[PDB]
Amino acid sequence: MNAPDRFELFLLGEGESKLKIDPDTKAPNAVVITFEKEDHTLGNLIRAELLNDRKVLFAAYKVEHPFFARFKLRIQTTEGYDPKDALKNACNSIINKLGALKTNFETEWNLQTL
Amino acid sequence: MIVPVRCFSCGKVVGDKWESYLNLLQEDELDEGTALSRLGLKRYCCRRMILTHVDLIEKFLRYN
Amino acid sequence: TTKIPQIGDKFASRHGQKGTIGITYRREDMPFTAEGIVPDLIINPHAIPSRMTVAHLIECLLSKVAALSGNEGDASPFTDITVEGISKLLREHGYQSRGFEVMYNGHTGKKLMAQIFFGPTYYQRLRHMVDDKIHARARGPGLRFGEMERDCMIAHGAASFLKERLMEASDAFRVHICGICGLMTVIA
Amino acid sequence: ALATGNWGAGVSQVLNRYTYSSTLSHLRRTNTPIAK
Amino acid sequence: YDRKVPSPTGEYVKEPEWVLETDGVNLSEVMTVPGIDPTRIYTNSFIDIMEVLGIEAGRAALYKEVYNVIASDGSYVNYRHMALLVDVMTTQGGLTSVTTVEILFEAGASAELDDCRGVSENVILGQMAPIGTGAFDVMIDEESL
Amino acid sequence: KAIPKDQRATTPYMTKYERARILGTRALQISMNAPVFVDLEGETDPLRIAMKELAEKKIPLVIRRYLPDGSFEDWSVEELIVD
Amino acid sequence: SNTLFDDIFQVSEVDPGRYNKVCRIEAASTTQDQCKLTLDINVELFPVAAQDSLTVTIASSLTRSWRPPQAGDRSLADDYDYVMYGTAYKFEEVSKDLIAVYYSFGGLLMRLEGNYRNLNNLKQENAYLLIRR
Amino acid sequence: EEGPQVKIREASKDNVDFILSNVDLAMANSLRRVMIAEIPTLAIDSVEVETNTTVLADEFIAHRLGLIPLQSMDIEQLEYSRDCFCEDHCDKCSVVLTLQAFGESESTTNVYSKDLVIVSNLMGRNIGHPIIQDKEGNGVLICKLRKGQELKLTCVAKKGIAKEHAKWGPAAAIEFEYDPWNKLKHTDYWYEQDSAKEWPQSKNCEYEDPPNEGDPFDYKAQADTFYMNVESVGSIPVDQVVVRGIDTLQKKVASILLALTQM
Amino acid sequence: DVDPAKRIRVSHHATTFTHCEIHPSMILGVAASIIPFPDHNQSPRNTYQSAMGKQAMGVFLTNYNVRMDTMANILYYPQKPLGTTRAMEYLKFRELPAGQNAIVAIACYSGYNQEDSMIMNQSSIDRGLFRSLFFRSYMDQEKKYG
Amino acid sequence: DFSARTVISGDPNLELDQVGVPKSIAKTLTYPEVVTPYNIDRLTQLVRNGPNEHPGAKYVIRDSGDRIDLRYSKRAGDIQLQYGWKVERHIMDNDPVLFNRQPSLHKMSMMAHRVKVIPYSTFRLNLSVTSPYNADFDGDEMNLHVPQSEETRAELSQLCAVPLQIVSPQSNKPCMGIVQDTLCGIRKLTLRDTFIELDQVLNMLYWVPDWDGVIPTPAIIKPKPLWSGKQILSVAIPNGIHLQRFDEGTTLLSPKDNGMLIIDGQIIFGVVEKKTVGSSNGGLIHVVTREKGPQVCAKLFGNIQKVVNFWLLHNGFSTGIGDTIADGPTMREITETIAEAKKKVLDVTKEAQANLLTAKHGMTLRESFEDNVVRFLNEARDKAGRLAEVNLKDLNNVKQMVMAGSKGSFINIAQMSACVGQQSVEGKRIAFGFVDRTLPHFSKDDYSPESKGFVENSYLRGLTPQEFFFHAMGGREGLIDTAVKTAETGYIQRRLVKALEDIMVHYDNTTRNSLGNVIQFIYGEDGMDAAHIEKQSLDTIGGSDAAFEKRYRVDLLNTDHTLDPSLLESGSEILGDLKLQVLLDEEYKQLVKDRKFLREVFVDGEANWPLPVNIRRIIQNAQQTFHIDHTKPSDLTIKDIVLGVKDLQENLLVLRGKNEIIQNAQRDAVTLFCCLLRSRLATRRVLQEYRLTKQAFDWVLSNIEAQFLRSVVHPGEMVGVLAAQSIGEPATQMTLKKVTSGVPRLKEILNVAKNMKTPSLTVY
Ligand SMILES: Nc1nc2c(ncn2[C@H]2O[C@H](COP(=O)(O)OP(=O)(O)OP(=O)(O)O)[C@@H](O)[C@H]2O)c(=O)[nH]1
Ligand SMILES: [Mn+2]
Ligand SMILES: [Mn+2]
Ligand SMILES: [Zn+2]
Ligand SMILES: [Zn+2]
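Residues numbered from 1 in each chain as written, not as in the entry; some residues may be left out. Chains lettered and ligands numbered in written order. Part of a larger assembly, values for the part shown. Heavy atoms only, no water.

The deposited coordinates, according to the entry record, derive from X-ray crystallography at 3.0 Å resolution.

J.: If you had to explain the overall build of chain J to someone new, which residues and values would you point to?
T.: When its secondary structure is counted, chain J shows 25 helices and 25 strands. With the C-alpha coordinates aligned to their principal axes, the bounding extent of chain J is approximately 95 × 95 × 75 Å. By residue count, 62% of the 764 residues in chain J fall in the buried class. Put simply, chain J has 91 plus and 93 minus side-chain charges, and the middle of one group is 3 Å from the middle of the other. (Helix = DSSP H or I, 4+ residues; strand = E, 2+ residues; numbered from the N terminus. Buried < 20%, exposed > 50% of the residue type's maximum accessible area, 1.4 Å probe, protein only. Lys, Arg positive; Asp, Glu negative; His and termini not counted. Charge placed at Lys NZ, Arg CZ, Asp CG, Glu CD.)

J.: Give a detailed account of the packing of aromatic side chains, specifying residues and quantitative values.
T.: Residues and elements named next belong to chain J. Scanning the model with the defined rule gives 50 aromatic pairs over all chains in all. Measuring from ring centre to ring centre gives 5.9 Å for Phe-548 and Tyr-588, while their planes differ by 45°; the resulting arrangement is tilted. With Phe-548 in helix α16 (residues 545–552) and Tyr-588 in helix α17 (residues 578–601), the pair connects residues that are 40 residues apart, well separated along the chain. Residue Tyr-588 is classed as buried on the basis of its relative accessible area of 14%. (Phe/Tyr/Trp six-rings, centres within 6.5 Å; stacked < 30°, edge-to-face > 60°.)

J.: An account of the coordination of the manganese ion (ligand 2) is requested, with residue identities and associated values reported.
T.: Taken together, the protein ligands of the manganese ion (ligand 2) are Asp-116 of chain I (OD), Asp-136 of chain J (OD) and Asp-138 of chain J (OD), with distances of 2.4 to 2.5 Å. The distance between the manganese ion (ligand 2) and the manganese ion (ligand 3) comes to 3.9 Å, and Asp-136 of chain J binds to both of them. With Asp-116 of chain I in the loop between β3 (100–106) and β4 (117–121) and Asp-138 of chain J in the loop between α3 (130–133) and β10 (141–145), the pair connects residues from two separate chains. Here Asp-116 of chain I falls in the buried class, since its relative accessible area comes to 13%. By relative accessible area, which is 7% here, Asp-138 of chain J ends up buried. (Donors = N, O, S within 2.8 Å, 3.2 Å for Na, K, Ca; no water.)

J.: How would you sum up the interface of chain C and chain I? Please name residues and give values.
T.: For an interface, size is often stated in terms of accessible area lost upon the parts coming together. On the side of chain I, 73 residues touch chain C, which itself brings 77 residues to the contact. On the chain C side of the contact with chain I, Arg-14, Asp-40 and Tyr-122 of chain C bury the most area, a combined 11% of that side's loss. If you look at where chain C meets chain I, you find 4 salt bridges. In this structure, the salt-bridge partner of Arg-51 of chain C is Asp-116 of chain I, at a minimum N-O distance of 2.7 Å. At the junction of chain C and chain I, the tally comes to 50 residue pairs in polar contact. Those elements that place two or more of their residues in the side of chain C that touches chain I are β1 (2–3), β2 (10–13), β3 (18–25), β5 (41–43), α1 (54–69), β6 (73–74) and β9 (116–125) of chain C. Bridge count between β1 of chain C and strand β5 (residues 132–136) of chain I: 2 bridges; the pairing is antiparallel. Bridging across to β5 of chain I, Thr-2 of chain C finds its partner in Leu-133 of chain I. (Contact = heavy atoms within 4.5 Å. Buried area = accessible area lost by both parts, 1.4 Å probe. Salt bridge = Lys/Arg side-chain N within 4 Å of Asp/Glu carboxyl O. Polar contact = N/O pair within 3.5 Å; in protein donor to acceptor, adjacent residues only side chain to side chain. Pairing = 2+ DSSP bridges.)

J.: I'd love a proper account of the packing of helix α1 (residues 16–31) of chain F against helix α2 (residues 46–55) of chain F, names of residues and values included.
T.: Residues and elements named next belong to chain F. Contact pair α1 / α2: the axes reach a minimum separation of 8 Å and the direction vectors enclose 120°. On the basis of the axis angle, α1 is oblique to α2. Seen along the crossing, α1 lies across α2 with a hand that is right-handed. Within the contact between the two elements, α1 uses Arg-19, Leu-23, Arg-26, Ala-27, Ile-30 and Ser-31 and α2 uses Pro-46, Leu-47, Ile-49, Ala-50, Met-51, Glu-53 and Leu-54. Grouping the constituent residues of the contact of α1 with α2 by class yields 9 nonpolar, 1 polar and 3 charged. (Axes fitted to C-alpha atoms, helices over the stretch in contact; angles between N-to-C directions. Parallel < 35°, antiparallel > 145°, perpendicular 65-115°, else oblique. Left-handed = near helix turned anticlockwise from the far one by under 90°. Nonpolar A, V, L, I, M, F, W, Y, C, P; charged D, E, K, R; others polar.)

J.: Kindly report on the coordination of the zinc ion (ligand 4), identifying the contributing residues and their values.
T.: Residue and element names in this part refer to chain B. The protein atoms that coordinate the zinc ion (ligand 4) are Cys-7 (SG), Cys-10 (SG), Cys-45 (SG) and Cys-46 (SG), at distances of 2.0 to 2.4 Å. Coordination geometry of the zinc ion (ligand 4): the 4 donor atoms subtend angles of 97 to 114° at the metal centre, consistent with an arrangement described as tetrahedral. One chain supplies every donor for the zinc ion (ligand 4), spaced along it as C-x2-C-x34-C-C. Of this pair, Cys-7 sits in the segment before α1 (18–26) while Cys-46 is found in helix α3 (residues 44–51), placing the two residues 39 residues apart along the sequence. Comparing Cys-7 with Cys-46, the two get one shared label, buried. (Tetrahedral: all angles 85-135°; square planar, octahedral: opposite > 155°, others 65-115°.)

J.: Residues and numbers for the pattern of salt bridges, please.
T.: The final tally for this structure, using the stated rule, is 120 salt bridges over all chains. Residue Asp-39 of chain A is joined to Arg-33 of chain H by a salt bridge in which the shortest nitrogen-to-oxygen separation is 2.7 Å. Here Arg-33 of chain H lies in helix α1 (residues 25–37) and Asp-39 of chain A lies in the loop between β2 (30–36) and α1 (40–50), a pairing that spans two chains. Where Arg-429 of chain J meets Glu-370 of chain J, a salt bridge forms, and the shortest distance between an N and an O atom there is 3.0 Å. One end of the pair, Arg-429 of chain J, is in the loop between β18 (421–422) and β19 (454–455); the other, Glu-370 of chain J, is in helix α12 (residues 365–390), with 59 residues separating them in the sequence.

J.: Outline the site of ligand 1, listing residues and values.
T.: In the vicinity of ligand 1, the contacting residues are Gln-17, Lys-18, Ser-50 and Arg-51 of chain C, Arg-45 and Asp-116 of chain I together with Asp-136, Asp-138, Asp-140 and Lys-407 of chain J. What surrounds ligand 1 is not a single chain but chains C, I and J. Taking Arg-45 of chain I, its side chain carries an N or O atom lying 2.9 Å from an oxygen atom of ligand 1. Contacts to ligand 1 include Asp-138 of chain J, whose side-chain N or O atom sits 2.6 Å from an oxygen atom. In isolation ligand 1 exposes 650 Å². Once the protein is present, 49% of that is buried. (Near = heavy atom within 4 Å. Areas by Shrake-Rupley, 256 points an atom, 1.4 Å probe, with all protein chains shown as cover.)

J.: Give a detailed account of a nonpolar patch on the surface, specifying residues and quantitative values.
T.: All names here are of chain C. On the surface, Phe-173, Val-175, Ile-177 and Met-184 cluster together to form a nonpolar patch covering roughly 480 Å² of accessible area. Looking at the secondary structure, you find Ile-177 in the segment after α5 (159–166). Given the relative accessible area of 49%, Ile-177 is considered partly exposed. (Patch = residues over 30% accessible without salt bridge, like charges linked within 9 Å, V, L, I, M, F, W, Y side chains within 5 Å.)

J.: Tell me about helix α13 (residues 397–404) of chain J, and please be specific about residues and values.
T.: Two residues of an α-helix separated by three or four positions point the same way, owing to the 3.6 residues in each turn. Taken across its 8 residues, α13 of chain J has 6 buried, putting it largely inside the fold. For α13 of chain J, the complete set of buried residues consists of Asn-397, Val-398, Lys-399, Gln-400, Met-401 and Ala-404 of chain J. In this fold, the buried residues of α13 of chain J make contact with β7 (100–101) of chain C together with α5 (180–190), α8 (274–277), α12 and α14 (410–418) of chain J. Downstream of α13 of chain J by one or two residues, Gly-405 of chain J has phi in the positive range, about 90°.

J.: I'd like a description of the sheet that holds strand β3 (residues 56–62) of chain A, backed by residues and values.
T.: Residue and element names in this part refer to chain A. The 4 strands lie next to each other as β1-β2-β4-β3, forming an open sheet whose pairing is antiparallel. The strands lining the two open edges of the sheet, one partner per strand, are β1 (19–23) and β3. Adjacent strand axes in the sheet meet at a mean angle of 15° when their direction is disregarded. Where β3 lies against strand β4 (residues 70–77), 6 bridges are found, and the strand directions are antiparallel. Across the sheet, residue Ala-59 finds its bridge partner in β4, namely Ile-75. Seen against the sheet, α1 touches β3 and β4 and runs at an angle of roughly 170° to β3. Sheet strands in contact with helix α2 (residues 83–108) are β1, β2, β3 and β4, and its direction is about 110° off that of β4.

J.: Run through the side chain of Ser-33 of chain I, naming residues and quoting values.
T.: All names here are of chain I. The residue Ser-33 is located in the segment before α1 (43–52) in this model. Given the relative accessible area of 8%, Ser-33 is considered buried. For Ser-33, the contacting residues outside a window of four places in its chain are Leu-28, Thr-85, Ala-87, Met-88 and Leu-91.

J.: Explain helix α18 (residues 615–625) of chain J to me, and be specific about the residues and the numbers.
T.: Residues and elements named next belong to chain J. Taken together, the buried positions of α18 are occupied by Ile-615, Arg-617, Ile-618, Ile-619, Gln-620, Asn-621 and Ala-622. Elements that come into contact with the buried residues of α18 comprise β15 (243–245), α9 (284–292), β23 (533–537), α21 (671–680), α22 (683–690) and α23 (694–711). Where α18 starts, the residue carrying a side-chain oxygen 3.4 Å from the main-chain nitrogen of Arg-616 turns out to be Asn-614. In the stretch just after α18, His-627 is the one whose phi turns positive, near 55°.

J.: An account of the nonpolar core is needed here, citing residue identities and associated values.
T.: If you look at the biggest cluster of nonpolar residues, it comprises 221 residues, and the most contacted ones within it are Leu-50 of chain A, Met-35, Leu-56, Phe-176 and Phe-226 of chain H together with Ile-321 of chain J. The contact partners of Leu-56 of chain H, leaving out residues within four places of it in the chain, are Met-1, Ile-2 and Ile-57 of chain B together with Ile-61, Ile-142 and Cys-143 of chain H. Residues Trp-207, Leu-233, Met-260 and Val-308 of chain J belong to the second largest nonpolar core, which totals 83 residues. (Core = buried A, V, L, I, M, F, W, Y, C linked by side-chain atoms within 4.5 Å.)

J.: Can you lay out the arrangement of the chains for me, pointing to particular residues and giving the numbers?
T.: Contacts are most numerous between chains C and I, taken over all 24 pairs of chains that touch. At the level of C-alpha atoms, the two units chain B and chain D stay apart, their nearest approach being 14 Å. If you take every C-alpha in chain E and every C-alpha in chain G, the smallest gap between them is 27 Å, and the two do not touch.

J.: Which residues make up empty space enclosed by the protein, and what are the values?
T.: Each pocket or cavity is described by its volume, and for the largest cavity that value is around 190 Å³. If you trace the largest cavity, you find 17 residues lining it, with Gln-17, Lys-18, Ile-43, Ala-47 and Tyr-123 of chain C closest to the centre. Going through the elements one at a time, β2 and β3 of chain C together with β4 of chain I are the ones with two or more residues in the lining of the largest cavity. The residue makeup of the lining of the largest cavity, split by class, is 6 nonpolar, 9 polar and 2 charged. (1 Å grid on protein atoms, 1.4 Å probe; cavity = no way out; pocket = protein on both sides within 12 Å on 5 of 7 lines; lining within 4 Å. Points joined across faces, edges and corners; volume = space filled by probe spheres on them.)

Shown next, in the form of structure tokens:
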């Protein structure tokens, strides 16, 4: 047939990267990062954290077509604050709060019968 | 043709429930809905699975 | 061969309206109900009010009850079955009675402002699918360009296209021609 | 004549077997050759 | 019927009028009946319109029959397209309906001159048709620097 | 039978059809390695080249418009207004 | 940099018609026999009742992005409850020998009848609108 | 332990109902999506048919095999076949199972998934075993034979994610709700005469204070508390759908940090 | 005191009946006896279903494995319809069905189901929804009249 | 030959002018591209990939005419291309190709699209090209054709391309608009009460592809930053777009949120529904096409779709059996509405039964009876249906679809929820096909509603058996009528096309056949292209004589009737000036004649007629563009206006010949446009209503002139075929009084039939 293998949704082709980072021309201190073999799972999550950061002026993501697992996230920040830093700062929160949660959970689950 | 292995929609295994469902009707005399709820098939997706299966293989097995 | 459903294959309820699958979505990306039930199929509301296919909607209500309750639902014509009666029974089982449910957007988890008519309905897979129907003849050694197509191209004024498309590849032979008696009598 | 539909012609056709009720339907069809 | 007509102060008003409508047609004679307005008589038979009032008045009836058809379904087509049709139907002076070897023999004997503007004739000759993009020639501009 | 440059009575504007046929005759020649008259400020696509040509008014071609009775007027690409 | 009309209004009427989040106050001035307000308000973010009363100021600042709060965690050119930002589309209904200026707050609409500030109310957009209770 | 808070309310070998409390909607939905889509698991994914005189076709059978859930507690210690340096499969990337059946009896012989024999070396990682949850310990019905009929097969299982095909999904339905009263006005309720008479109250409302009619809407409130319930099919116990769920996200995010570093 | 939701029936103003119908749903033929609620549908639609049903895939006979016909389509997992008609019993449609009860939502959700199109669940397809077998048979004769 | 055919599907993520072509189809069709230094690297790479990896290539042909086959060729990985060889490459992104849904009955059923290579197996399209193609996604297929040379590619992109067909000649309005979901939702998005919060806003903004990066300022700042639905859509409407419209009592404070007003590409007021964003004479797509050009108009469909369908994906919309149930009280009213019509019927019955009814004039008794009972029974249906419509709430999803314009109408509400109504066969009630009865369940001579086909029930309630059978009688008659219409229409369509096919416009502006005969001395009587014509109102025509003389008369010798000096800087100085007043008398005399002329043209008084050059929208632009204060006298002078408007008329040229004859033709061609013109730019309007400056006014003119000139039809156009396809195409959507009508009439016309079915004289 014409159906792209399903592995293509999670696994990089020859020459593809996890990220491509590009400068946005429209406004200052802005970037657009395209994430390959990812989808809303990550894209809505990174995005939503970038907005809990008050040095974050803009953030937003989209999957431009549903047939490809790739998203595009646009971050704008205050002058002096690199956007790629805002994405370490935000990926770092995430991983921390989940950290947290797998512990609060692993716990609640021994306090348990059946 | 056979009980499908899972609910098409939610994935719950349901292919280990057919002999029991049919035992629960003919042997212990429950109505079809009480029976399905006894096997724990409580969303209408899984219930539709067993309730509307047709075991056609039982016909196919009569040929030689 | 086994045929697994694909973009392009046709399907229909039993109320006289078909569709082809325009895309598939894995379950995570589908909208879902607080019980985590998710649709196997999603059909557009715009296909409803002009066709006045009310029985589609009543089959889906009656079908929801039937699943919940384990009885076959009586959909014969000319009985006393009513939507009101159907809707009672489905309330007794804890859902809102016109077959709406709150659902949640898959991409985000957030609730949907509107609620969704949701239920089982019987769908048929029809024969005659995207793999039987796709062909693509461009030579090496419908699907035409007839009188009407030509006329469209004339309307647009596309003469070069009309000459390329309707030519021979039967080669352009050359010939001398008297300018008095236009005939191909000239000895060259 | 059974192999053809040669009679009046379309009088004999191959039985449909797409689905069980399309068969029953074919066995129960009628035809009217050629004022309302 | 209501008829929009200017009022004494200048604005358009409704003024009802009785009108008669018939089954059947005899235009040349009913026109002549005392008491009617012979300037505004009509019929949907545009042939009779042409027979009594002439080709132009037939042309205008015919347009108005075609327009009625199109509008009665509720759609709208620009004037010029139905104008073109109706002109083609009335340019020889009457109402003309719009609805191989053998033929070349006749061409021969009649001395048929083919203008070569059609798309098929041009195809057979390996050419573009003088329509649209082919209705002019393009040439190399030796007059330029 | 030819109509002197003055006295020409047809539109001084280029038509969609002339435009299309120009651009396309010229991209055909650009496509077969014919010399170009304009600065390729990057472009590789023959139609696109052609259009930059048309815009810089560097397409040396003439449009011969026949009138229904056989006579004709010659309009240069340079001169035709492009709207 | 300014403010530009400012007054106190009596509420005649609150119509929600057909909507649930938004209503149309009909208000008067306590003061001028002449100056009126017909105005669209988000009633869920800022409720309002018959005869309540309203301190209303058009103003025109304190066109670049918009940046979130922060500047706003001291910088408020607002001591008010309720601030909208719109655009005047005016028609200077210049009617009787009183003015009407129009304004649209992403389509919540206003109208001022009156007269004294014809040399006052911007020809123009950049127009904020401000309410305390 | 500050952060996202947990609160189990029920638990069972099969389900775990809980409440996440102090998190964003996004993280909560994301962990939902991961549990559905990306936790690795083991599943028949190649089947070689020596004999089938069965009244089903082979791919019909094969498909059913890929759906029998197979033990998967030790699946971190199986490598993905595509990552392994073997030619094809081996014991580091694969369990191999066998199936033989013959209708010996007069009466009809069923084939169940307990009739599945592992034939490869497990290195005592608890994987591969057909899961069995019915009183009679038959597990799933795969097929049925008539006296004289035969079926012989081998299968290879392989680690996989439900993205790739749902057979590899550990989760079944995942209940998920928030704001049962509707206080957030995230949804707008359709009704004929009265929205409250006509919509049923969620079970999750008891847990949460009804609102009071005066109360002018709360513009500042956010969605901070989520009523979940994860249901497992059994190839992975439950608590583990969650924890490997949380763990799978956390690794996705880290592959992003790792790839900033590599720029 | 009638049920406001029942349809209006116009009574027996008749003391002369000689007969009575057995059942009014018996005016229908085979195809239209598989539509649920045809009396709630605009009439041409019941006509187009009566054609489409003839194109659906089901199990045309139990013996298919043994016949050899030019073409055949059998669905993997026929289900009987949650909403049936009393006529079906005689048409055996519950025994040899030609469909599946699909969970359906009616919604705009992403725009990929406009203009009589549909979004289907890929996970559900993975697990078997609407999958089917297709068979083709080819024949050939031998020598002849040479 | 170089073409493919498959199943079509919609895609909200494709541009209007794209078509998605599956990869496997793109590997089968090819374009021969010549090697040159501009492409010899890409061609090399494409050769190296070969026939089965897309972007690749199937053959290489050299100097010789030798055909190298890449799939066999033992040297297939070792080709060193030369300048001047050819490579036949797969088609690829952005190649023009032509796409067509059959039957192709008008030219927008065959448009050129930009390829986009995609995975699975359907050709995919934007939703908004569906309606020209008359296509949708339940099995339809369409054909794709690949042009084979450079000239052929240029024709297709510079004349057939989709964005160039937005506005069609057929009806001088767009043929493409926003439909279905995006139209259900753009209204929802645009209601008063819809606000969006910041998280959602920024994702909608990023979703428009050429958002400048500016977050607009929110309509609510105060308790909370909340932006409106209107503002967010507005980010897709480009700058310098103005549009206004009043509906039944719209005002500039639209209490209802009616009408529409949009200024500098921002929505001010009004809900966006089918009249603004549909395919409508004068809405947004028609305005943007003309003010900014076809490309930008074509992006706008994709930017509105992106934004709105995002929004709608998270808002949700559905419909269900509940949306057809009307209130207990409404039902009782519906059932009484119906009870009263049956009592009307019963009296008109009893009446004819006692011989007391009169017929009137040639109409039989029984025909009068029938006519009356059917009016009763229809008028019942309708009231019962109005009842139901009213009772449904704004959240009723059926009603929401109807209000948006995206699907369904009153009759559908009505038949679903209130009552389906009288069935008919050949224009009459169900006839007595058993003897004296319609079915054996009735007794003889029964003319009541039930007996002859009134279906009292709605679809929700269901039909009884008798009604069911009569509704199927009826139905059947539509299915047959429909096949006969389709067949009848198709033959007509082919015969008009054959009759007109050769008529062309020539460079003298005359319309002629292949013989050179003259059919028309100027095309369309005005020399315009019908794509460049819009409905405008001719102001002089209507109105009272008093009102016409307040608006247009300037009397500079009268203190009441001069130009107030606040209008004009010269105002003081022109009071009492005698020679200006001579000009102005001359302008008024011309307005006066204009009005009389036009009242003879349009006897009726109809003021709105299609003309080229939408003057009101040029003025409104000038007013935005020059930031024009309604509070300052203008510096225009009398003579600037008056003689500026006369001069402009001399340059609105359609014919250019130096002789008198051609001059007259020219002046006759441009008369009606010139009346519209003088009425719109008359002195008192320019100063008192428009308030133009000199600079604005000078720009108004030079633009009217450019736009006029660009409306002139182009020689070469094949207006024949066009005419034919414009008349036949809409004669095909006649799928549907006591005069022979619609298609059979239309046969009777084109056939010139001696023996017509209903000949009639109307005599005044
Ligand atoms: N705009 C619009 N079109 C409608 C509406 N309701 C139904 N349609 C149609 O119902 C008729 C037949 O049904 P369909 O089979 O769905 O139409 P179709 O898809 O063109 O049929 P195919 O030829 O098989 O492709 C068509 O003529 C369509 O116009 C409505 O409310 N609005
Ligand atoms: Mn359709
Ligand atoms: Mn179709
Ligand atoms: Zn289920
Ligand atoms: Zn290995």
